[PDB]
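In what follows, a single structure is set out as structure tokens and then discussed.
Should a chain be cited, it is by its letter among A, B, C, D, E, F, G, H, I and J, assigned in written order, with residues numbered from 1 in that chain.
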Amino acid sequence: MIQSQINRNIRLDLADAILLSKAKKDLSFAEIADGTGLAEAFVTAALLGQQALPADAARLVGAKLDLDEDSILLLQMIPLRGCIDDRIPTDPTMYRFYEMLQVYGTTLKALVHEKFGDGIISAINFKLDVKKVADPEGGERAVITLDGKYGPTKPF
Amino acid sequence: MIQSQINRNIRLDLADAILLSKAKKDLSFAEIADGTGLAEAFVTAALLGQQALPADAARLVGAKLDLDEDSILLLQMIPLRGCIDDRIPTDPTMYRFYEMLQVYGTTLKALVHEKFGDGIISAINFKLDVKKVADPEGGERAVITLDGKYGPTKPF
Amino acid sequence: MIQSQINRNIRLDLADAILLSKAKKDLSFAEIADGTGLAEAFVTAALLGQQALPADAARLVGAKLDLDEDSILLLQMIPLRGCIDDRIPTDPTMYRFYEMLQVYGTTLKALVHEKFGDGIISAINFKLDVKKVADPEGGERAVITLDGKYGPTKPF
Amino acid sequence: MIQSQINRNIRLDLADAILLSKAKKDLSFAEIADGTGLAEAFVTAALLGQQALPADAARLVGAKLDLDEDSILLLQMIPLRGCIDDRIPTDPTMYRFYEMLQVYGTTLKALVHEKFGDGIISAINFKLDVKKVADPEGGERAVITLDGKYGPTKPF
Amino acid sequence: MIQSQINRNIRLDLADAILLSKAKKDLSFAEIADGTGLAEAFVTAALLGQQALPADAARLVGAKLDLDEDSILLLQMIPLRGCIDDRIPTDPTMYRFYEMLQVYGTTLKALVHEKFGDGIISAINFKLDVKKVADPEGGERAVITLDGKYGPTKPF
Amino acid sequence: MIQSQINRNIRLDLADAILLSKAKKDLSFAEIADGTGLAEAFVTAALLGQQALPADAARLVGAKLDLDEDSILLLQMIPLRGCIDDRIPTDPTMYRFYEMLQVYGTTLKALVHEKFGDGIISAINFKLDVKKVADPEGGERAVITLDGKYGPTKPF
Amino acid sequence: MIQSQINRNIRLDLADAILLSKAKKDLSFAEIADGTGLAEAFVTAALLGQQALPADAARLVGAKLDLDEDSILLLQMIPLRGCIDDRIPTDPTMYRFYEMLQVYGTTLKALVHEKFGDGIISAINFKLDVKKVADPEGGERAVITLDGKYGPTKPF
Amino acid sequence: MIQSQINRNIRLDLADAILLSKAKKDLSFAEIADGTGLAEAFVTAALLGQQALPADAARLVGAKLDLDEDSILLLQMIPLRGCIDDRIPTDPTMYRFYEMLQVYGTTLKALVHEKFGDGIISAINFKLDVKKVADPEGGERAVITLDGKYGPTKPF
Amino acid sequence: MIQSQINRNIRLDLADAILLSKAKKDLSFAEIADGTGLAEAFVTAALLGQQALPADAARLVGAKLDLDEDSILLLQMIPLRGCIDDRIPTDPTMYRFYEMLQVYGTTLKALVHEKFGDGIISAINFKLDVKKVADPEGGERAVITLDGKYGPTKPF
Amino acid sequence: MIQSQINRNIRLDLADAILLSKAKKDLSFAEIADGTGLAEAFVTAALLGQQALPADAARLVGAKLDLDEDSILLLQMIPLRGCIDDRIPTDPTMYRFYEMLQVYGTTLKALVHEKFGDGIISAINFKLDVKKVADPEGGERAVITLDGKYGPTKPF
């Protein structure tokens, strides 16, 4: 039977324990996700309390991190999502993505409406990936792809 | 000589005027950016108060929209950026992008650090584009590409 | 060509002007929406700045309320949605619906996950209606039906 | 003698404990409420700290979830209601209901006034239900009924 | 036909105009409410944007204050209630009532549950009045009576 | 020697403990206050962290509730007052009193100035009481009397 | 007949107008208050919208500043007090007084309780004054005296 | 070597421990400060986490309160100052001082500039004291003296 | 006679007008400050509403910018300082300096106390300068000097 | 393999423990950084939760402060940066730096754009240092150098 959470702190506290174990074993997120059949971004989000893992995935990652049974079960719960402590991130790495919204948010709105119509780009029927690409002028770039279904707003 | 703003309302007010003229002319953002030599997302952001236009681009969009001289000059000013009224968007279209951050912000941090290192993905050495694609299951998807330079944090 | 707004105040100001005209004409929302082929709740939301009217509906309500042509154009624009002044309503009538959320919000979450699965009930592929019904104890009850598409959360 | 709470955290902590036990026993809200005589939405709210259970109902769910005596007594206290952590939900599932208020809040006010009069729809003399119905276009919809008593404001 | 407002500023701007007129004419709230058949507290609230006046009363006070026809019509509209600028009053006079709530809010909850039961004391089926009474130790006291209908929580 | 607190959580945690004991003993606030020689509203406020009890009163209620010595001492400390978790109550019962302020706050100010003059109605030289009265139309009413000293504001 | 305000902006706009006139006439606050029979701090507070001037005082300062009749009448209105734009001052001069509260707030509470008892120091039965004193170490000191009536909190 | 704090909770937790000890020993702030060679307002602020004590004073109050060695050392650390829980005090005694700023803040600014010049009155080169005096009308008054260095603005 | 402001909006509106003039005349801040005797950062801050100009400087910049006489007088007013619209900047340029505080704020505190002692570094007895320096790795660096007086916190 | 944090409280709690050990040992930040090969400002930031230490430095400081192995590993984790408790500092020492931004933020933006162009001064490719100098008038000044890479905003 599906199970769900109502207070994010239980899974965020689990996330912290996970991260300590991960550090102690010197694991990467890529290796934790290996063997689950699920994308790195998805599995990582689950560990960090933002997604639910299927039972087999939860058992796999649970073994890798030496998690107790309650933790493995907690990983299967539908989370109370929301990773940002207090609405606006303080962390520079997280903050840049918020800044992308402060600069381009209305442009995204305008261009969504022009290209698709009234409605939204989904954050649920949605996937994300992060790719590293050499910058021709020197150094490295992140190409982050947000891929969401268009959901139209129609009269009724 | 470069000129900058300190109060977003001057350029946001201009944005409203631009949008009224745009609607009265039945123009698209694509048509407006055509011929400027600049990406639709960049020109649109400028119109909306979030970027500066080079003088030739400002004159051209100003011709297409019948803008007065002060307005064409204002478009060339470096803006006081920040498109969101009060930190968290109320508009569903804009809000979904903020929700992507509430769900995946910590995952983005974790994967940026694993793939690149301690530091940030730049919102300044940065570009974005919105592409409409088919959903294999039916309907349409937005593929929004965020492309930013990795800026490392190294000890001193 | 589709036209969108980025500052809610343009359409909220129009809403105030529409309400003054409506009051002067002693009109109801039911009669305004009559003949548009659209639901009362949708046409009302549009007048109040929260939905876009198709051109024919816009012209029709425009005639009923003696609106100028800038106003009839504005009603066709995709809004910058968000009717609540500052996050939490002050108005008792509006506040009670927010109280429903403070009391039953987590129960809605819990029951949605149990009955449907991980995911959301859409606010976009969505309709609502308000019905007045006798209370068996005397007085009257409102039966407000929220009817939203189940959007499943699917793992990638 | 009736007993009441003043700090939501006591019951919200109990809720988390109840959810862990529920998950360990692989129980549904439907099953837990069965035998209480009370609607699934009401019993669920109680478990989640938002309603009081009568003594016999408290004892029944207590036995089902292996709760201790203090916990069974706490479930009978009139709660300090308010399930939302910090005014605006972060969770996408809960957020959609808040968005419904950002879009339709003023429409609900207007239509309540037109259909009933000056006053409010109650969240306290109130019932909620969640039904799943097939969507004719494919997939599923939630039909959520908010049924509240109309309370008029009349002059004095 | 009933008419309603959605933006408090229209009626609050009217209130300021009413106050200037009232001051120019050196009138009291008592005098203004005389002849309306309505309590001084109710009429005063209406003038200040927090209640609607019936047509006859609107015309009466309108004549007293030399108000125009749009103003008299606006007083008849069901307001978007909420008199406090930004949630917590700054004015010492208004603040003391807020402080009463900070000191006795939980006591009021507890005693209401004890004396009446689970539910609320209505702010809608509600009257209030302000009386001046001599203080036996010297000076004067305000006896402010809040008189609301007990609305019991209805299980389901 | 008088003793005061600076951190509300200490007395609020005690309040939670008092309420558990109270519920275990199935006691009323009326009976707890019996024999203290003090008003139910004052004693209740003390238990809930918002007033200090005189030593004899503290010992009396402490005996009734089986409190330890640290607790009986804490009840005598002048509290760091403020019962509302985060400025605006979430609980419906408490919220109604806040709504009274949102609706009538400026009316209270206006009538206080008219009936008394410039200044305030005291929250300190102050008493309140809650009375249950039959409603002639059926059910019950709460008559809550706020009784405050007028403190004038005069030039210096 | 006493007259009162409910929106601070009316008197704060007047204040700005007063300050412009004052600057154009190169007047001091000391001189504006001379002949009024009222303290400099009181009259200044009134000009700045935080106190009300008696009629004679209003006419006197109004002639000095060349104010119109509506402005002189406004100065006589009981204000909606609250000079700080958004709770915490941004201005360094004003901020220091807020910092004094952040550093010594709990100390003031503690010493007030020790020296006087439970209750408050009045901000209404209150005066203040600002004196310049030479610092023996060089420069100048401000000696700002807050002088308020003790208001005891007693059991009832 | 000087030692400093970065999280106020360490010293505020210590403050609570100090106040419990102080209550158990029935001590006054005056008595605690006696023999330290420091003003009671300074010592009290240190106990409450808002100032640092020199070693000899720290050991002396530590003896009077039976504090352990880590606690005596903590008292010598430069604090992370800020006594107010969440910017605006809820406690009536503390709130009154905030209200003095809401009523007189702009007056203080204006009179500081007129009597001293552009700049600030220091909250650092600063002392304060609380004196109890007789009110000539009956009762008692607090004379609270804020004594700060004038810091002129330095053009460059 | 010294003159001061209480509402930042008066000088910020002047700042916007200044910036339009400056743009139209294609002037730099460097050149506007030339001949005033005041540092570019000081004169710029004045134009932007954060410092006062002496009369000669106000006349000089006034002539350069074609300002009217009221504007020239307003520049001499002691401002109500605070350039950030709503506490946390939205503009990326401004935000980076806030981020420096988010990352290094506690380090600055710690190293100020170790190097100087208990106290503060002044923003009032203060100078600022910005210098462009070649980056040896390519590009340019800003070397920004904050030079403030150390104000010790000593016991009393 | 790099390891990162998502909850600042883990490293901030470690910082508090570090500071206690540092006080007990009577150590300076200068001493602690000695022999790391890293600047005092960088190592201090690390201890305080705002930077990561390389493994060798982590072991060196860990030895000096008697930290356990989990603590030494924690210091090597990439932090969730953000040292300010709630956006605006309460601590006077920290606050002055925020006040530098309230006074000069818009000036910094303006001069950055004039001297460098559209874009930012980096908080990442960044360093800072704090220097103590004599003040010519007596006392001491802090010269704090911010040194950041210019990151241009260019069209695409």
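Basically, a contact is a pair of C-beta atoms (placed from the backbone, for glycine too) under 8 Å apart; a residue touches a chain by one contact, two chains touch by 3 or more.
Common neighbours of chain C and chain I, by the contact definition above: A, B. Note: the chain lying farthest from chain H is C, by mean C-alpha position.
Distance from the chain C centre to the chain J centre is 49 Å, each centre being the mean of its Cα atoms.
As a whole-number value, the distance joining the C-alpha centres of chain E and chain H reads 41 Å.
Centre-to-centre spacing of chain D and chain F amounts to 28 Å, using the average Cα coordinate of each chain.
The multi-chain contact residues of chain G, meaning those touching 2 or more other chains, are 1, 4, 6, 28, 41, 48, 51, 80-84, 86, 88-94, 99, 102-103, 106, 109-110, 113-114, 119-120, 122-124. Every pair of chains in contact is given here: A-B, A-C, A-D, A-I, A-J, B-C, B-D, B-I, B-J, C-D, C-E, C-F, D-E, D-F, E-F, E-G, E-H, F-G, F-H, G-H, G-I, G-J, H-I, H-J, I-J. Only residues 1, 3-8, 10, 70, 73-74, 76-77, 79-82, 84, 86, 123-124 of chain I touch chain G when the two sit together in their complex. Those residues of chain H that touch chain G in the shared complex are 15, 28-30, 40-41, 44-45, 48, 50-51, 81-84, 87-89, 91-94, 96-116, 119-123, 126, 128, 130, 132, 135, 139-150.
Partner chain G is touched in their complex by these residues of chain J: 88, 90, 92, 95, 99, 102-103. By the touch criterion given at the top, residues 12, 15-16, 19-20, 22-24, 26-28, 48, 83, 85-86, 89-93 of chain H touch chain F in their complex.
Chain H meets chain I in the complex at residues 1-2, 4, 6, 38-39, 41-42, 51-52, 54, 78, 80, 106, 109-110, 113-114, 117-120, 122, 124-125, 127, 151-156.
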